[PDB]
Structure formats: structure tokens, C-alpha cells
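The data block below is protein_15.pdb; it holds PDB, C-alpha atoms.
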```pdb
ATOM      1  CA  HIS A  10      -8.366  21.198 -35.186
ATOM      2  CA  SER A  11     -10.082  19.349 -32.352
ATOM      3  CA  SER A  12     -12.636  21.139 -30.254
ATOM      4  CA  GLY A  13     -12.366  18.379 -27.627
ATOM      5  CA  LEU A  14      -9.506  20.087 -25.751
ATOM      6  CA  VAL A  15      -9.093  18.814 -22.183
ATOM      7  CA  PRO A  16      -9.290  21.851 -19.818
ATOM      8  CA  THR A  24      -7.475  12.649 -20.257
ATOM      9  CA  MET A  25      -4.849  13.785 -17.634
ATOM     10  CA  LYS A  26      -2.035  13.024 -15.177
ATOM     11  CA  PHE A  27      -1.454  14.354 -11.628
ATOM     12  CA  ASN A  28       1.274  16.933 -10.948
ATOM     13  CA  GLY A  29       1.648  18.084  -7.391
ATOM     14  CA  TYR A  30       2.568  16.984  -3.910
ATOM     15  CA  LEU A  31       1.500  13.716  -2.332
ATOM     16  CA  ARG A  32       1.295  13.006   1.441
ATOM     17  CA  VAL A  33       0.286   9.472   2.435
ATOM     18  CA  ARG A  34      -0.344   8.364   6.004
ATOM     19  CA  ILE A  35      -0.888   4.672   6.757
ATOM     20  CA  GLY A  36      -2.967   3.832   9.807
ATOM     21  CA  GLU A  37      -4.026   0.270  10.645
ATOM     22  CA  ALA A  38      -4.242  -2.708   8.367
ATOM     23  CA  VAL A  39      -6.547  -5.633   9.087
ATOM     24  CA  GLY A  40      -7.407  -9.057   7.658
ATOM     25  CA  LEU A  41      -3.969  -9.792   6.185
ATOM     26  CA  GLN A  42      -3.602 -13.377   4.980
ATOM     27  CA  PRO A  43      -0.300 -15.326   4.449
ATOM     28  CA  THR A  44      -0.084 -16.797   0.965
ATOM     29  CA  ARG A  45       0.260 -20.538   0.424
ATOM     30  CA  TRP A  46       3.922 -19.779  -0.485
ATOM     31  CA  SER A  47       4.511 -18.195   2.919
ATOM     32  CA  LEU A  48       2.659 -20.997   4.706
ATOM     33  CA  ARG A  49       4.957 -23.638   3.178
ATOM     34  CA  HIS A  50       8.186 -21.717   3.841
ATOM     35  CA  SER A  51       8.702 -19.024   6.494
ATOM     36  CA  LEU A  52       5.387 -19.805   8.266
ATOM     37  CA  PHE A  53       5.685 -23.600   8.069
ATOM     38  CA  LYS A  54       5.222 -25.376  11.419
ATOM     39  CA  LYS A  55       6.016 -22.376  13.607
ATOM     40  CA  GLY A  56       3.075 -22.626  16.108
ATOM     41  CA  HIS A  57       1.391 -19.623  14.423
ATOM     42  CA  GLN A  58       0.652 -18.114  10.947
ATOM     43  CA  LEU A  59       1.139 -14.452  11.879
ATOM     44  CA  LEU A  60       3.000 -12.317   9.311
ATOM     45  CA  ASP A  61       5.897  -9.883   9.874
ATOM     46  CA  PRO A  62       4.301  -7.277   7.574
ATOM     47  CA  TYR A  63       5.516  -4.042   6.095
ATOM     48  CA  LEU A  64       4.078  -1.875   3.308
ATOM     49  CA  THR A  65       5.752  -0.124   0.373
ATOM     50  CA  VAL A  66       4.350   3.027  -1.132
ATOM     51  CA  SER A  67       5.023   3.563  -4.870
ATOM     52  CA  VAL A  68       4.045   6.193  -7.458
ATOM     53  CA  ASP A  69       3.808   4.532 -10.883
ATOM     54  CA  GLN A  70       6.302   1.775  -9.944
ATOM     55  CA  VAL A  71       8.855   4.126  -8.358
ATOM     56  CA  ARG A  72       9.096   3.413  -4.587
ATOM     57  CA  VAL A  73       8.656   6.512  -2.465
ATOM     58  CA  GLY A  74       8.381   4.924   0.996
ATOM     59  CA  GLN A  75       8.514   1.781   3.140
ATOM     60  CA  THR A  76       6.984   1.288   6.560
ATOM     61  CA  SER A  77       8.833  -0.390   9.432
ATOM     62  CA  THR A  78       8.174  -4.131   9.768
ATOM     63  CA  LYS A  79       5.777  -5.159  12.530
ATOM     64  CA  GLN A  80       6.381  -8.512  14.246
ATOM     65  CA  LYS A  81       3.878 -11.378  14.346
ATOM     66  CA  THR A  82       0.654  -9.643  13.396
ATOM     67  CA  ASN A  83      -1.942  -9.914  10.664
ATOM     68  CA  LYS A  84      -3.378  -6.548  11.800
ATOM     69  CA  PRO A  85      -0.361  -4.163  12.000
ATOM     70  CA  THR A  86      -0.759  -0.608  13.181
ATOM     71  CA  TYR A  87       1.688   1.748  11.451
ATOM     72  CA  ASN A  88       0.747   5.456  11.827
ATOM     73  CA  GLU A  89       3.651   6.176   9.424
ATOM     74  CA  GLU A  90       3.808   8.992   6.871
ATOM     75  CA  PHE A  91       5.428   9.417   3.453
ATOM     76  CA  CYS A  92       5.574  12.275   0.988
ATOM     77  CA  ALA A  93       6.640  12.843  -2.638
ATOM     78  CA  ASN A  94       6.601  15.341  -5.432
ATOM     79  CA  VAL A  95       4.636  13.724  -8.232
ATOM     80  CA  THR A  96       5.043  14.446 -11.958
ATOM     81  CA  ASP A  97       2.766  12.931 -14.625
ATOM     82  CA  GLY A  98       1.351  10.633 -11.909
ATOM     83  CA  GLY A  99      -1.083   7.913 -12.843
ATOM     84  CA  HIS A 100      -1.429   5.897  -9.671
ATOM     85  CA  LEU A 101      -0.292   5.194  -6.111
ATOM     86  CA  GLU A 102       0.400   1.563  -5.192
ATOM     87  CA  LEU A 103       0.329   0.236  -1.637
ATOM     88  CA  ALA A 104       1.854  -3.202  -1.320
ATOM     89  CA  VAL A 105       2.095  -5.474   1.738
ATOM     90  CA  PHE A 106       5.053  -7.876   2.109
ATOM     91  CA  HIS A 107       6.056 -10.468   4.723
ATOM     92  CA  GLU A 108       9.659  -9.965   5.943
ATOM     93  CA  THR A 109      11.471 -13.294   5.717
ATOM     94  CA  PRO A 110      14.586 -14.170   7.797
ATOM     95  CA  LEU A 111      16.778 -14.386   4.622
ATOM     96  CA  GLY A 112      16.382 -13.778   0.905
ATOM     97  CA  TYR A 113      13.522 -11.950  -0.761
ATOM     98  CA  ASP A 114      10.415 -11.000   1.162
ATOM     99  CA  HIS A 115       7.033 -12.491   0.211
ATOM    100  CA  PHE A 116       4.162 -10.679  -1.478
ATOM    101  CA  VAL A 117       0.984 -10.520   0.660
ATOM    102  CA  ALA A 118      -1.528  -8.124  -0.961
ATOM    103  CA  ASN A 119      -1.741  -4.764  -2.741
ATOM    104  CA  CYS A 120      -4.074  -1.842  -3.640
ATOM    105  CA  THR A 121      -3.677   0.532  -6.607
ATOM    106  CA  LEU A 122      -5.304   3.917  -6.297
ATOM    107  CA  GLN A 123      -5.648   6.084  -9.376
ATOM    108  CA  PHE A 124      -4.871   9.779  -8.606
ATOM    109  CA  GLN A 125      -7.884  10.757 -10.688
ATOM    110  CA  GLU A 126     -10.161   8.462  -8.533
ATOM    111  CA  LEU A 127      -8.738  10.181  -5.430
ATOM    112  CA  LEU A 128      -9.348  13.663  -6.886
ATOM    113  CA  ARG A 129     -12.860  12.726  -7.992
ATOM    114  CA  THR A 130     -13.675  11.369  -4.533
ATOM    115  CA  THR A 131     -12.462  14.292  -2.463
ATOM    116  CA  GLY A 132     -14.121  17.080  -4.515
ATOM    117  CA  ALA A 133     -13.670  20.423  -2.708
ATOM    118  CA  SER A 134     -11.314  18.733  -0.255
ATOM    119  CA  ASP A 135      -7.641  17.812  -0.893
ATOM    120  CA  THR A 136      -7.696  14.952   1.640
ATOM    121  CA  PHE A 137      -9.109  11.429   1.304
ATOM    122  CA  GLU A 138      -9.442   9.364   4.535
ATOM    123  CA  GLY A 139     -10.762   5.848   4.578
ATOM    124  CA  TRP A 140     -10.283   2.109   4.335
ATOM    125  CA  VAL A 141      -9.043   0.833   0.964
ATOM    126  CA  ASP A 142      -9.321  -2.829  -0.013
ATOM    127  CA  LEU A 143      -6.200  -4.986  -0.433
ATOM    128  CA  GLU A 144      -6.208  -7.740  -3.082
ATOM    129  CA  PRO A 145      -6.716 -10.611  -2.620
ATOM    130  CA  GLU A 146      -7.732  -9.999   1.065
ATOM    131  CA  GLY A 147      -7.487  -7.316   3.750
ATOM    132  CA  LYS A 148      -7.929  -3.559   4.099
ATOM    133  CA  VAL A 149      -5.767  -0.643   5.101
ATOM    134  CA  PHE A 150      -6.761   2.748   6.499
ATOM    135  CA  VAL A 151      -5.116   5.661   4.711
ATOM    136  CA  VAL A 152      -5.122   9.430   4.752
ATOM    137  CA  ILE A 153      -3.945  10.794   1.416
ATOM    138  CA  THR A 154      -3.553  14.491   0.555
ATOM    139  CA  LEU A 155      -3.021  15.695  -3.009
ATOM    140  CA  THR A 156      -2.032  19.345  -3.426
TER     141      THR A 156
END
```

Would you write the structure of this file as C-alpha cells?
Amino acid sequence: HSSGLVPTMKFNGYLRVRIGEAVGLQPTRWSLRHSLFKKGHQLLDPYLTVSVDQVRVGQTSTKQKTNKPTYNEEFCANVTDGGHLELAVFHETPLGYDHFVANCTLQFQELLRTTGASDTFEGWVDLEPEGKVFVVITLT
């Protein structure tokens, strides 16, 4: 019998995610050649999805013509065996599928390790390939 028993692990609890401002969003080449081709600007119509291990738990409203949207929108979910939270930014197209812009995956264990005695993380997280978004995330 192992003596290496874990007192490694998944998150079970309640998640509350608040999305503040995003900055530095960049249209992809795909977007530039399609929806943002020859429009007089290259400003996105961005929204963000919030997922817990690939299951969507929220979607912000879409902001119009901005690469620095301000949301102040809030989402919550019961989480079971949670590995990570994914924030993904899309450009809303007039018709058909939306276009990927950028994303950020946050491990629940990285959040827990960061906040220590606190249940709340607040701060800018980096979007890949470019950009950042300000989040307030509470794990209880």
C-alpha cells in the first residue's frame, strides 16, 4: 500500500467569474481578409465565452467596433472534477460562424495556489496570441 496518499487533484466547488476590461485584441489574418476586409477600420465586434473543461458556462454580450471591450459581466457555475477554466475571445461575424481571436486557460490549481488564504483572484491574465483581460475569479 502506497504511503504517498494525496491529502494530484481536481476542483469541486462553486466558481464565480467576473470579466472586466480586455485590451490589445488583434484581428486574425482570417478576419482581416473576410469580415474586416476593406471596411475603413479593423476593429472587432468581440465577445468572450467562459468554459469549464470544454463545457460552456457563460457568454458575454458582443461589443461593437472595439479592440478594447469593457464587459463588467459575471458568470457562475457549480464545478465538479474541474481541471481548468477557459476564456475565449471571438469576433461576431454578420453571418455564419464567428471567428476565433484569442484565449487563456487557467488551471483551478494555479488559481488556488495563487490566492492562498483568499478565495478571490483579481488581475490581468494574458490572452494568446495577443491581448489581456482583467478578471475577478472566486473559488469556494

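Using all atoms listed in the file, the set of residues no farther than 10 Å from the position (4.7, -13.8, 5.9) comprises residues 41, 42, 43, 44, 45, 46, 47, 48, 50, 51, 52, 58, 59, 60, 61, 62, 63, 81, 82, 83, 105, 106, 107, 108, 109, 114, 115, 116 and 117 of chain A.
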
Residues just named, written with C-alpha atoms as a PDB file, keeping the file's coordinate frame:
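out_22.pdb was written with the following content:
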```pdb
ATOM      1  CA  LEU A  41      -3.969  -9.792   6.185  1.00  0.00           C
ATOM      2  CA  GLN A  42      -3.602 -13.377   4.980  1.00  0.00           C
ATOM      3  CA  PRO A  43      -0.300 -15.326   4.449  1.00  0.00           C
ATOM      4  CA  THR A  44      -0.084 -16.797   0.965  1.00  0.00           C
ATOM      5  CA  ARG A  45       0.260 -20.538   0.424  1.00  0.00           C
ATOM      6  CA  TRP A  46       3.922 -19.779  -0.485  1.00  0.00           C
ATOM      7  CA  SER A  47       4.511 -18.195   2.919  1.00  0.00           C
ATOM      8  CA  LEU A  48       2.659 -20.997   4.706  1.00  0.00           C
ATOM      9  CA  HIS A  50       8.186 -21.717   3.841  1.00  0.00           C
ATOM     10  CA  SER A  51       8.702 -19.024   6.494  1.00  0.00           C
ATOM     11  CA  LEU A  52       5.387 -19.805   8.266  1.00  0.00           C
ATOM     12  CA  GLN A  58       0.652 -18.114  10.947  1.00  0.00           C
ATOM     13  CA  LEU A  59       1.139 -14.452  11.879  1.00  0.00           C
ATOM     14  CA  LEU A  60       3.000 -12.317   9.311  1.00  0.00           C
ATOM     15  CA  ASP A  61       5.897  -9.883   9.874  1.00  0.00           C
ATOM     16  CA  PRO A  62       4.301  -7.277   7.574  1.00  0.00           C
ATOM     17  CA  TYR A  63       5.516  -4.042   6.095  1.00  0.00           C
ATOM     18  CA  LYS A  81       3.878 -11.378  14.346  1.00  0.00           C
ATOM     19  CA  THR A  82       0.654  -9.643  13.396  1.00  0.00           C
ATOM     20  CA  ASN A  83      -1.942  -9.914  10.664  1.00  0.00           C
ATOM     21  CA  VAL A 105       2.095  -5.474   1.738  1.00  0.00           C
ATOM     22  CA  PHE A 106       5.053  -7.876   2.109  1.00  0.00           C
ATOM     23  CA  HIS A 107       6.056 -10.468   4.723  1.00  0.00           C
ATOM     24  CA  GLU A 108       9.659  -9.965   5.943  1.00  0.00           C
ATOM     25  CA  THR A 109      11.471 -13.294   5.717  1.00  0.00           C
ATOM     26  CA  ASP A 114      10.415 -11.000   1.162  1.00  0.00           C
ATOM     27  CA  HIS A 115       7.033 -12.491   0.211  1.00  0.00           C
ATOM     28  CA  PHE A 116       4.162 -10.679  -1.478  1.00  0.00           C
ATOM     29  CA  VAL A 117       0.984 -10.520   0.660  1.00  0.00           C
TER      30      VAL A 117
END
```

Each side padded by 8 Å, which centre and which edge lengths in Å (one decimal) define the axis-aligned box around the listed atoms of range 137-153 of chain A? Give them as JSON.
```
{"center_x": -7.4, "center_y": 0.4, "center_z": 1.7, "size_x": 22.8, "size_y": 38.0, "size_z": 25.6}
```

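Separating CA of residue 66 in chain A from CA of residue 151 in chain A is a distance of 11.4 Å.
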
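Across A:56, A:112, A:29, A:99, the tightest approach to residue 69 in chain A is made by A:99 when counting only C-alpha atoms.
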
Query raised in the report: Just so the selection is clear, what residues does the PyMOL selection byres ((chain A and resi 130-135) around 12) cover here, as a PyMOL selection string?
Result: chain A and resi 29-33+122-129+136-139+152-156

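Near residue 28 in chain A, within 7 Å and counting only C-alpha atoms, sit residues 95, 96, 97 and 98 of chain A; same-chain residues fewer than 4 positions away were not included.
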
Limited to C-alpha atoms, could you put the picked residues into a file as a PDB file, in the coordinates of the input?
```
ATOM      1  CA  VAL A  95       4.636  13.724  -8.232  1.00  0.00           C
ATOM      2  CA  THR A  96       5.043  14.446 -11.958  1.00  0.00           C
ATOM      3  CA  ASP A  97       2.766  12.931 -14.625  1.00  0.00           C
ATOM      4  CA  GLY A  98       1.351  10.633 -11.909  1.00  0.00           C
TER       5      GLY A  98
END
```

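Nearest residue to residue 38 in chain A among A:85, A:141, A:103, A:90 is A:85, counting all atoms listed in the file.
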
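A straight line drawn from CA of residue 148 in chain A to CA of residue 40 in chain A is 6.6 Å long.
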
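Of the listed residues (A:39, A:49, A:54, A:34), A:34 comes nearest to residue 76 in chain A; the distances count all atoms listed in the file.
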
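Among A:79, A:64, A:142, A:87, the residue with the shortest atom-to-atom distance to residue 36 in chain A, counting only C-alpha atoms, is A:87.
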
Query raised in the report: What is the CA of residue 86 in chain A to CA of residue 37 in chain A distance in Å?
Result: 4.2 Å

Query - Residues near residue 118 in chain A, cut-off 7 Å, only C-alpha atoms, skip fewer than 2 positions along chain, as a ChimeraX atom specification - result: /A:104-105,116,143-146

N, CA, C and O atoms restored at range 66-84 of chain A, emitted as a compact mmCIF listing (two decimals), in the coordinates of the input:
```txt
# COMPACT_ATOMS: atom_id res chain seq x y z
N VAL A 66 5.17 2.03 -0.50
CA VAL A 66 4.35 3.03 -1.13
C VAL A 66 5.10 3.39 -2.42
O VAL A 66 6.29 3.79 -2.37
N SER A 67 4.42 3.21 -3.55
CA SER A 67 5.02 3.56 -4.87
C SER A 67 4.12 4.50 -5.68
O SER A 67 2.89 4.49 -5.52
N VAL A 68 4.74 5.30 -6.53
CA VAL A 68 4.04 6.19 -7.46
C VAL A 68 4.45 5.73 -8.85
O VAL A 68 5.62 5.85 -9.22
N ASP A 69 3.51 5.13 -9.57
CA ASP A 69 3.81 4.53 -10.88
C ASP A 69 5.12 3.73 -10.84
O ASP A 69 6.07 4.00 -11.58
N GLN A 70 5.17 2.75 -9.96
CA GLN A 70 6.30 1.78 -9.94
C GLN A 70 7.64 2.35 -9.46
O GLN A 70 8.65 1.65 -9.49
N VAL A 71 7.65 3.59 -8.99
CA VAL A 71 8.86 4.13 -8.36
C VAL A 71 8.55 4.17 -6.85
O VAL A 71 7.60 4.82 -6.47
N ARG A 72 9.35 3.48 -6.04
CA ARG A 72 9.10 3.41 -4.59
C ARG A 72 9.39 4.76 -3.95
O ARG A 72 10.44 5.34 -4.18
N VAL A 73 8.47 5.24 -3.12
CA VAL A 73 8.66 6.51 -2.46
C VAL A 73 8.70 6.36 -0.94
O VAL A 73 9.07 7.30 -0.20
N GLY A 74 8.35 5.17 -0.46
CA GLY A 74 8.38 4.92 1.00
C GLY A 74 8.22 3.45 1.36
O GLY A 74 7.76 2.66 0.55
N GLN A 75 8.61 3.13 2.59
CA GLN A 75 8.51 1.78 3.14
C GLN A 75 8.28 1.93 4.60
O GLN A 75 9.03 2.65 5.28
N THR A 76 7.23 1.27 5.10
CA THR A 76 6.98 1.29 6.56
C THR A 76 8.02 0.42 7.27
O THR A 76 8.70 -0.40 6.65
N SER A 77 8.09 0.57 8.59
CA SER A 77 8.83 -0.39 9.43
C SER A 77 8.12 -1.74 9.32
O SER A 77 6.94 -1.80 8.87
N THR A 78 8.79 -2.81 9.74
CA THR A 78 8.17 -4.13 9.77
C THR A 78 7.63 -4.37 11.16
O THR A 78 8.38 -4.21 12.15
N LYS A 79 6.36 -4.78 11.24
CA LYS A 79 5.78 -5.16 12.53
C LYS A 79 5.99 -6.65 12.74
O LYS A 79 6.07 -7.40 11.76
N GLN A 80 6.07 -7.11 13.99
CA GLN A 80 6.38 -8.51 14.25
C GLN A 80 5.08 -9.26 14.58
O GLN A 80 4.30 -8.81 15.44
N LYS A 81 4.89 -10.41 13.91
CA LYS A 81 3.88 -11.38 14.35
C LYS A 81 2.51 -10.75 14.54
O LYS A 81 1.94 -10.79 15.63
N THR A 82 2.00 -10.20 13.44
CA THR A 82 0.65 -9.64 13.40
C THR A 82 0.09 -9.67 12.00
O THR A 82 0.79 -9.38 11.00
N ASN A 83 -1.19 -10.00 11.93
CA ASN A 83 -1.94 -9.91 10.66
C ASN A 83 -2.83 -8.67 10.68
O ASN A 83 -3.68 -8.51 9.81
N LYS A 84 -2.62 -7.80 11.67
CA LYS A 84 -3.38 -6.55 11.80
C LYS A 84 -2.45 -5.46 12.33
O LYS A 84 -2.69 -4.89 13.42
```
